[PDB]
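One-letter residues, chain by chain:
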Amino acid sequence: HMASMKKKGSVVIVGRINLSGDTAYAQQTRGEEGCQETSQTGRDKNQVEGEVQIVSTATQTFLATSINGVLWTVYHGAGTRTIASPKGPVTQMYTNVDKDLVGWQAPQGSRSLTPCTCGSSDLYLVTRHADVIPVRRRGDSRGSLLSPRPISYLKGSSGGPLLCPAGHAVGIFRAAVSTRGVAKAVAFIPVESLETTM
Ligand SMILES: COc1ccc2nc(C)c(O[C@@H]3C[C@H]4C(=O)N[C@]5(C(=O)NS(=O)(=O)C6(C)CC6)C[C@H]5/C=C\CCCCC[C@H](NC(=O)OC5CCCCC5)C(=O)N4C3)nc2c1
Ligand SMILES: [Zn+2]
């Protein structure tokens, strides 16, 4: 009944993938309990840094990537949820279920990737474990792994970036193509798809 109907919590930033120096590595900034309370209130006072955030709901964890002042992630992770912020929950400014895409204004203190204009096909996928995985672009929204690996290694990395050799954003990781549990290829939202959404 309506008196009892509950509301879903916000997406919460719980860490980041540090790409600052010569070594990529994941950092956790909030533990599970603090994530739970922050999801309910939507008020996140934590300092945000970097381009690739690790984000969580009450039931899922995945990635979100800042490009051109928008923090982008996948609809299958975030749904229509708000994101927690110092001032309370922030409503999505982009939602496209047809592309599996959502976006919020990039949180203050984040750094944004620049959209790639290179037209290169030698890409790099960044995972939630801070692995940098070479990917050859094979189409507008897909690329093959140069070194296949079980899908277990890619789970939780949707919303992460595919980058060009110069470090620009080429796309947002959306799905994995697997055979007998081995990921041979990935699908991603191309940055041009974001650039038109913007
Ligand atoms: C609800 O409204 C929606 C609108 C649009 C929408 N659009 C897509 C494409 C979608 O796809 C599902 C979620 C994807 C996923 O799991 N994303 C990764 C991930 O990590 N998620 S995640 O962070 O763990 C999680 C779940 C958020 C917390 C990156 C995957 C890593 C490992 C794969 C595990 C086995 C799964 C293999 C799948 N393969 C595949 O679907 O291949 C395609 C591509 C070509 C065309 C047809 C087939 C696969 O990847 N997904 C299945 N759901 C929706 C839902
Ligand atoms: Zn580029």
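The rules behind each value
- Residues numbered from 1 in each chain as written, not as in the entry; some residues may be left out.
- Chains lettered and ligands numbered in written order.
- Heavy atoms only, no water.
- Residues with missing side-chain atoms left out of burial classes, pairs and counts.
- Donors = N, O, S within 2.8 Å, 3.2 Å for Na, K, Ca; no water.
- Tetrahedral: all angles 85-135°; square planar, octahedral: opposite > 155°, others 65-115°.
- Salt bridge = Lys/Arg side-chain N within 4 Å of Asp/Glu carboxyl O.
- Helix = DSSP H or I, 4+ residues; strand = E, 2+ residues; numbered from the N terminus.
- Buried < 20%, exposed > 50% of the residue type's maximum accessible area, 1.4 Å probe, protein only.
- Domains from an automatic or database assignment.
- Contact = heavy atoms within 4.5 Å.
- Buried area = accessible area lost by both parts, 1.4 Å probe.
- Polar contact = N/O pair within 3.5 Å; in protein donor to acceptor, adjacent residues only side chain to side chain.

- Regarding how it was determined, this PDB entry cites X-ray crystallography in its header, along with a resolution of 1.90 Å.

## A look at the coordination of the zinc ion (ligand 2)
Reasoning step 1: Only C116 (SG), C118 (SG), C164 (SG) and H168 (ND1) from the protein coordinate the zinc ion (ligand 2), and they sit 2.1 to 2.3 Å from it.
Reasoning step 2: Bound by four donor atoms, the zinc ion (ligand 2) shows angles of 92 to 127° at the metal and therefore tetrahedral coordination geometry.
Reasoning step 3: Mapping the donors of the zinc ion (ligand 2) onto the primary sequence yields the spacing C-x1-C-x45-C-x3-H.

## Regarding the pattern of salt bridges
Reasoning step 1: Within the structure shown, the criterion is met by two salt bridges.
Reasoning step 2: Close ionic contact of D44 with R30 constitutes a salt bridge, the shortest N to O distance being 3.0 Å. Of this pair, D44 sits in the loop between helix 1 (32-41) and strand 3 (52-56) while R30 sits in the loop between strand 2 (25-28) and helix 1, and the two are 14 residues apart along the sequence. Of the two residues examined, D44 and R30, each falls in the buried class.
Reasoning step 3: Among the ionic pairs, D122 bridges to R136, the shortest N-O distance being 2.9 Å. With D122 in strand 8 (residues 122-126) and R136 in strand 9 (residues 132-137), this residue pair connects regions lying 14 residues apart in the sequence.
Reasoning step 4: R136 gets classed as partly exposed once you look at its relative accessible area, which sits at 35%.

## A few points about the domain arrangement of the protein chain
Reasoning step 1: Domain annotation of the protein chain identifies domain 1 (1-113) and domain 2 (114-198).
Reasoning step 2: Using C-alpha coordinates to define each centre, domain 1 is positioned 20 Å away from domain 2.
Reasoning step 3: Every contact between the two is made by 25 residues of domain 1 and, on the other side, 26 residues of domain 2.
Reasoning step 4: Buried area between domain 1 and domain 2, both sides added, is near 2000 Å², and the carbon and sulfur share of it is 69%.
Reasoning step 5: The largest contributions to the domain 1 side of the interface with domain 2 come from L63, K99 and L113, which together make up 29% of the buried area.
Reasoning step 6: Counting across the interface, domain 1 meets domain 2 through seven residue pairs in polar contact.
Reasoning step 7: Broken down by secondary-structure element, the contributors of at least two residues to the side of domain 1 that touches domain 2 are strand 2, strand 3, strand 4 (61-67) and strand 5 (70-73).
Reasoning step 8: Top contributing element to the side of domain 1 that touches domain 2 by residue count: strand 4, with six residues.

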